[PDB]
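Chemist: One structure follows; several queries about it will come next.
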Amino acid sequence: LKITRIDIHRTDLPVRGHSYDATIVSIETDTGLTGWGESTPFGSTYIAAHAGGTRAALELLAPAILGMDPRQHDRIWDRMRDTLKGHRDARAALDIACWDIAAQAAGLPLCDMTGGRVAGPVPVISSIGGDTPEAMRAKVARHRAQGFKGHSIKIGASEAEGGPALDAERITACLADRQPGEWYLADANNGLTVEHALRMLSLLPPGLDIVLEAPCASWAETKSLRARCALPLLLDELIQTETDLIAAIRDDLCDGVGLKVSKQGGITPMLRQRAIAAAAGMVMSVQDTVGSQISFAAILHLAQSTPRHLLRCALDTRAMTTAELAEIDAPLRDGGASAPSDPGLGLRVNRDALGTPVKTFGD
Amino acid sequence: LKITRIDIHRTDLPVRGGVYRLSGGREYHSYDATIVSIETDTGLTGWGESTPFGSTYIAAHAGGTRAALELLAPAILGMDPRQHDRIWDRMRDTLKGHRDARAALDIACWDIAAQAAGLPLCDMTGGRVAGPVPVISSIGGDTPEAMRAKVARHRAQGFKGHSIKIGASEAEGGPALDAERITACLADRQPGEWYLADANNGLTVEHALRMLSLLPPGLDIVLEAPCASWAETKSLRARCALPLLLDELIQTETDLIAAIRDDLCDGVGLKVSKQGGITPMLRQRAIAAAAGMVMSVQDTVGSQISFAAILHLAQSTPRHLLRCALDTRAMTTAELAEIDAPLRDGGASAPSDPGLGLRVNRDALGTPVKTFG
Amino acid sequence: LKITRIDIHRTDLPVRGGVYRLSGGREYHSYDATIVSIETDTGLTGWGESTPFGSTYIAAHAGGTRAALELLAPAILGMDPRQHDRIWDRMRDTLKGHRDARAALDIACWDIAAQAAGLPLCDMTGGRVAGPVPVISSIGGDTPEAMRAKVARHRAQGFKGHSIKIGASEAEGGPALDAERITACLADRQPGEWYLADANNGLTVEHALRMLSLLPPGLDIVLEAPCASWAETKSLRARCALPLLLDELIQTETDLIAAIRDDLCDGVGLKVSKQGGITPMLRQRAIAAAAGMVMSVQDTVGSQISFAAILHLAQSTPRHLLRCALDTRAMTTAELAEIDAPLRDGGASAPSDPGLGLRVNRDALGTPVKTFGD
Amino acid sequence: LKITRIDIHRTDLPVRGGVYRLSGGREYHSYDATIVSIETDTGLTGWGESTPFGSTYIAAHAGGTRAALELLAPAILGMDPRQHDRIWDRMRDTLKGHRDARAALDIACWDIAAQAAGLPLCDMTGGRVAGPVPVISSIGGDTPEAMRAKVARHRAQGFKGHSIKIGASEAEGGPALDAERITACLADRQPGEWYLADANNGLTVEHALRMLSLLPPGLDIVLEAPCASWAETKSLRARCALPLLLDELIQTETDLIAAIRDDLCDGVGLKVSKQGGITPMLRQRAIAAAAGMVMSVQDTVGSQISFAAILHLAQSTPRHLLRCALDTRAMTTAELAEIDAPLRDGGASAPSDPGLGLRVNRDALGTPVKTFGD
Ligand SMILES: [Mg+2]
Ligand SMILES: [Mg+2]
């Protein structure tokens, strides 16, 4: 088995409800298998990544893995590392496509190639955008009615907007109508000062069941808050590499991690990082930055093979954009979704929907 | 004085009071007990029990106990049963770990030692502390109202402590259900009672912290065995204001040293057969007592034979550090022996007969499965 | 794909050469191996070995291994051998610990899965790293001169790594003797060699510190398994400048997390049947590699069946972190199976046949002590 | 079994050969001993000794030992001498600290308990460990050359372990002298020997660090009791690569816990009458053994009666943790009792007679200074 051709595509994913610049990769083998992978950074200020950067890195990564056996995930990973440091966003698309191929060649859905299907549907997270306390509360109520159990709620008010008091009120409001078996995550997107986070913690009423995600912009700030925060803490932006997780363990920094396929760098590091987190007893939300059905396929299969007591929802990226790049049989039903049973990722990709490839390597 | 014959018995102990539930979907319907008798040249007989709490509590199971005894029993034949440290050394030199197997032999030897000396075991392990020992219930997992009713029944029987088993999955209601279980179980509390919320190593740190946040203020509760590993427990310890007791994580003497070095806990669940019998219960008592750690003196589970070891040890434990003795008679319907230790005057009192104070019903044990000598 | 039948074999493994000596007066003369075959509905057979190193290396013994398998083997009947994590979970739900017993079943499932995928295990576990894996010698306890000479035999045979056993009692000469044993074993070293001083969890901290004081300056040595407990090892670590590798104290994935949290060591001795098979070896390799811990890839002891698992795993390990593979064929006289992986040009190379690459001598194992299923 | 009568005796023990100097200008010329006998209703008599090493070793003196016995002795009358923990509790409830006074009563109760059971004390405290117990040679403060010569004398007699006293004032030569003493004492080193540099809580951290810097590399030495306080010892520990043994600072069981929590030491000097008798010696041995701390088993000083307690405890102590017993008979010319435990080839073995194995010369003790009596 040999990689023979790699096609790099660029396509715009309009926001459901600006747009996202997606890079979609196909990899072909000498036996005639095709694997697919997606990497689409969430704008250019979520982490140190942007779409133009993803494509510029692929100029180096794609030619380097030509002729390799797509099943040898660690050696392909090493080849990518030896070619270009970091740029895990670019690694992700290639890595995912190789795993798609590998699972196809083994006659397995990806969830069965990555440990085995855990029984039942994966709980899907509801996303609650930044707004007034009462508005966020109503959105939570709307999502509750649709069967969603887990909610990611956005916080991060400037002083002018009302600061820590506003964020505290947003949290209390979102939890006000809660029913048994629900789970809430306040995501600050690395945006609070330690002073803001401490004031916010003081302002919260007692007896709330809430997890705090990505409170601060840097490691040192997050470590200072950690010393004076009794809430479970989940890290997202700050966890990109496997070494990041080791540092977090060393510093006893968090109780959970936000694992995003294209942030961590594809199936290969998602699996390494899941093994580390699981061993550490860290809960894991399994998501991606943003993407089409292709991104969703990687998320779902990985979520499906994650131990349920550690899993804290999967993200359904199809809810984020209007894009229709592929079919996959995994309907959102009752706040949950199930990985399909077709070999590989289970995608039927609409090649024409992607536009002519911006770049081709091989022949 | 010389050990001449060792007999290994196997029997089943049926659960008393309905399916017993622990965290992570573990269920127990009966318990597979291993009962050992040891004979001396002088014609004394000593008894010991080791009954793992199924195969899913710690790294031990009844088949493993018996497999370990195949090496341990022949190893100690010919030894003086009064020389507890040297017999222990012999067992260690023969087979690492397997404290479940050491336990039954170790207890039988102490039974012999005490009989030879004409003393009850409590008066061979430091001396009787005045008054009865308070007894503790084992409240298996169920709904908050089901668990609260079990607490009430034990209250009416004269029990003063209650070990309440928590550890709900997200699907079942998670930390909120566990917090509800705790509040319900404490709701009818009378003066001079004591409660352990035992998660049996079943919570993530995230679940524990959420659970802690949900608990109403002003509760008198001790948290037991919150997490599956040493590193998780340390992480929770850094952010938990409640007193913490460790159980599954404390098996060896070196375990207790690590706990002290890490300042990991304020008490220890000492279970006769988890620690490995009288000899290590005494060593671990000395360590815990010096560190000021409270001690719940229990076993995994067992018959009256297990109960005699538990009771005599609790009876010689300083009362200010003792946090109840487990009365296993409430956990199974088995009647493997008589012991004159009824629940009265506030709990149970060790008998004054030499040894463990047991009258073993051999007809309840079945024919031995293996004999050595 | 379904597991249909599991056979438990018990076979004796006679020692190769002379009496083997570890610290604390531990001597060894022969090995009690348990060998497991797993069959599928499709007619594939996978093989796995678990052979505790006597009964005092870790909390494991062959009788215990077999007793545990009485619970484990029937629990995995009917399962898909390819779903390693779900099979792992089933085993954990059945019996806590007893990774020795998990190991034989887990390895046989990986053997099957790699066969079904048409790949040698090294290519199913990340992919073959180029070139042979260097092999480590196992230098048992003796006088310094005898040890030095045993290092020579192995050197001439193409060995670059040496595990040297230390741990003298005070009567025997204590830390001075151990220091002499170390200096003597390194005395004839040629470029590219690597030395581990393995105490097998047998030194007091006082003994270790005394020994460290007695060693001459300028040695290239790694200290393995100095002390019997976590707390003792932590105390030594605070006052030891040598790289430390943990062996007996690392059995679970959570053990490795605790070592990281405590910044306790710079390497780990990963033994297939100690960690519990291919599945935990892969988990623990991912954790060790992320922390930049070096790894010696070994087993307790075993036949060619143990060796197959060791070798394929070592072959997919990044070479800069790898610190040799144990060749178990040097330790036993058993001929339980054929494998095409001889010592040549730098070490041993995993064969390219799908699976473990074993051809099992089925009459050499004896009639199964127990069978489950069909 | 009931305690019926307690007799308190006082007797002088004349120094034998070499008047001791401890750090800080401390001097000692004879030792004021307190000896207690306890009688039972069944006609058994047990014996116990407590003799503080002068009045400046730890917070104890002979006059204080006797003043405390005025409270402790009547408190334990009518008690069952076999219930060691409950007698201990009664003593603790009666008077805090004063473990020197507890020791004499406690040892006598264990003597009775052992005789009642018809076992030597080593067999009542876990069981006799095979072979003689090594006995420590004591090397008093002197010139490096004189100390070296005395080590050579003890070496020729068969002693293997040496306790060597250090702690020179600046005027006397400071850290340089202490380092020279240490270097000299180890210069004629033969295999299987052990060395303990005892500063008797006498060094400043500055002095200790200077002494450590001055020592040549490659020495096999253990440092005992370097500093006067817990906080000083902690500071030294942070910057000292040698194994550390605490003596004066470890008196209670809670002290050992504090040492574990602070990771302060690798060994402990257990002295029967410092720790408070057989009962606390056993508790502290259990703690230390679990922590892997080495233990030197000694007493402050004493007659054969003190030696009986030392020897029996050392005899039941695991040999890999044991670092010699002190033969107190070498420290005085007093003949207070006969015990069949001759010193031969640098070792001694506990006798087999029930109890401590003493044959006490009542005439050598004088009339009791106090009888209880209540
Ligand atoms: Mg996030
Ligand atoms: Mg001293």
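Lettering and numbering for the structure tokens are positional, with chains as A, B, ... in the shown order, residues counted from 1 in each chain, and ligands counted from 1 in the shown order.
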Give me, as JSON, numbers by chain, the set of residues whose atoms come within 9 Å of any atom of ligand 2, counting only C-alpha atoms and all ligand atoms.

Modeler: {"D": [163, 165, 197, 198, 199, 200, 201, 224, 225, 245, 246, 247, 248, 269, 270, 271, 298, 300]}

Chemist: At a cut-off of 9 Å, which residues of chain D touch chain C? Count only C-alpha atoms and give the answer as a ChimeraX atom specification.

Modeler: /D:191-194,217-222,238-244,263,265-267,291-294,320-321

Chemist: How would the residues just chosen look if you wrote them out with N, CA and C atoms as a compact mmCIF listing (two decimals), in the first residue's frame?

Modeler:
# COMPACT_ATOMS: atom_id res chain seq x y z
N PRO D 191 36.56 -4.39 53.37
CA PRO D 191 35.20 -4.68 52.91
C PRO D 191 34.22 -5.01 54.05
N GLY D 192 32.95 -4.64 53.86
CA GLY D 192 31.87 -4.97 54.80
C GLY D 192 31.78 -4.11 56.05
N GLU D 193 32.39 -2.93 56.03
CA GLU D 193 32.37 -2.02 57.18
C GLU D 193 31.34 -0.87 57.05
N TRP D 194 30.98 -0.24 58.17
CA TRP D 194 29.97 0.85 58.21
C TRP D 194 30.42 1.97 59.15
N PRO D 217 36.14 13.28 47.88
CA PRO D 217 35.06 12.52 47.25
C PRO D 217 35.22 11.02 47.48
N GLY D 218 34.12 10.27 47.36
CA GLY D 218 34.19 8.81 47.38
C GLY D 218 34.12 8.12 48.73
N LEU D 219 33.74 8.85 49.79
CA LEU D 219 33.63 8.26 51.13
C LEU D 219 32.29 7.56 51.37
N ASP D 220 32.34 6.47 52.12
CA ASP D 220 31.15 5.74 52.52
C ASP D 220 30.86 6.11 53.96
N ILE D 221 30.05 7.15 54.15
CA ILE D 221 29.79 7.69 55.48
C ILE D 221 28.33 8.14 55.64
N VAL D 222 27.77 7.90 56.82
CA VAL D 222 26.43 8.35 57.19
C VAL D 222 26.55 9.48 58.23
N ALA D 238 18.28 19.99 52.52
CA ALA D 238 18.09 20.50 51.17
C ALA D 238 19.39 20.53 50.37
N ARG D 239 20.53 20.50 51.07
CA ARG D 239 21.85 20.72 50.43
C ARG D 239 22.91 19.69 50.86
N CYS D 240 22.46 18.48 51.16
CA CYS D 240 23.33 17.42 51.66
C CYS D 240 23.03 16.11 50.92
N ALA D 241 24.05 15.56 50.30
CA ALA D 241 23.88 14.37 49.48
C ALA D 241 24.14 13.08 50.27
N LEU D 242 24.67 13.22 51.48
CA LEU D 242 24.95 12.07 52.33
C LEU D 242 23.68 11.59 53.01
N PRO D 243 23.57 10.27 53.26
CA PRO D 243 22.45 9.82 54.09
C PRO D 243 22.50 10.48 55.48
N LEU D 244 21.33 10.83 55.99
CA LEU D 244 21.18 11.54 57.25
C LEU D 244 20.43 10.64 58.22
N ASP D 263 10.43 14.53 54.63
CA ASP D 263 11.49 13.73 53.99
C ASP D 263 12.88 14.14 54.54
N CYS D 265 15.11 12.47 56.69
CA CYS D 265 16.20 11.55 56.99
C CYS D 265 16.05 10.17 56.37
N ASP D 266 17.16 9.43 56.38
CA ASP D 266 17.22 8.09 55.80
C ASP D 266 17.43 7.03 56.87
N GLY D 267 17.55 7.48 58.11
CA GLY D 267 17.73 6.56 59.22
C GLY D 267 17.40 7.22 60.54
N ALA D 291 8.93 3.00 56.25
CA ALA D 291 9.52 4.11 55.51
C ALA D 291 10.86 3.73 54.88
N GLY D 292 11.33 2.52 55.18
CA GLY D 292 12.63 2.05 54.70
C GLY D 292 13.80 2.78 55.35
N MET D 293 13.57 3.31 56.55
CA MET D 293 14.63 4.00 57.29
C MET D 293 15.50 2.97 57.99
N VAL D 294 16.82 3.11 57.87
CA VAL D 294 17.72 2.25 58.67
C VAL D 294 17.66 2.67 60.14
N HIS D 320 18.39 -6.20 57.21
CA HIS D 320 18.74 -5.25 56.15
C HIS D 320 18.54 -3.77 56.56
N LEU D 321 17.73 -3.54 57.59
CA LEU D 321 17.51 -2.19 58.12
C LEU D 321 18.34 -1.91 59.37

Chemist: Compute the chain A side of the contact with chain B at 8 Å, counting only C-alpha atoms, and hand it back as a ChimeraX atom specification.

Modeler: /A:180-182,206-211,229-232,252,255-256,280-283,309-310

Chemist: For chain B, report every residue with an atom at most 6 Å from chain D (counting only C-alpha atoms), formatted as a PyMOL selection string.

Modeler: chain B and resi 83-86+126-127+253-254+260-261+283+286-287+290-291

Chemist: Name all residues at most 12 Å from residue 113 (chain C) (count only C-alpha atoms; drop same-chain ones fewer than 5 positions away) and give them as an NGL selection string.

Modeler: (:A and (106-108 or 112-113 or 115)) or (:C and (1-3 or 38-40 or 42 or 44-47 or 80-84 or 106-108 or 118-121 or 123-125 or 278 or 354-356))

Chemist: Within 12 Å of ligand 1, counting only C-alpha atoms and all ligand atoms: which residues, as a ChimeraX atom specification?

Modeler: /A:42,46-47,125,127,151-155,185-191,211-216,233-239,256-260,263,284-290,315

Chemist: To one decimal place in Å, what is the distance between CA of residue 106 (chain B) and CA of residue 275 (chain B)?

Modeler: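 About the pair CA of residue 106 (chain B) and CA of residue 275 (chain B): they are 11.0 Å apart.
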
Chemist: Suppose you want the space between CA of residue 308 (chain A) and CA of residue 321 (chain A); what is it in Å?

Modeler: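 That distance, rounded to one decimal, is 27.4 Å.
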
Chemist: To test your reading of the structure, identify every residue in region 10-239 of chain C that backbone DSSP assigns to helix (DSSP H, G or I), and report it as a ChimeraX atom specification.

Modeler: /C:62-75,84-94,99-116,121-124,144-156,174-186,205-214,230-237
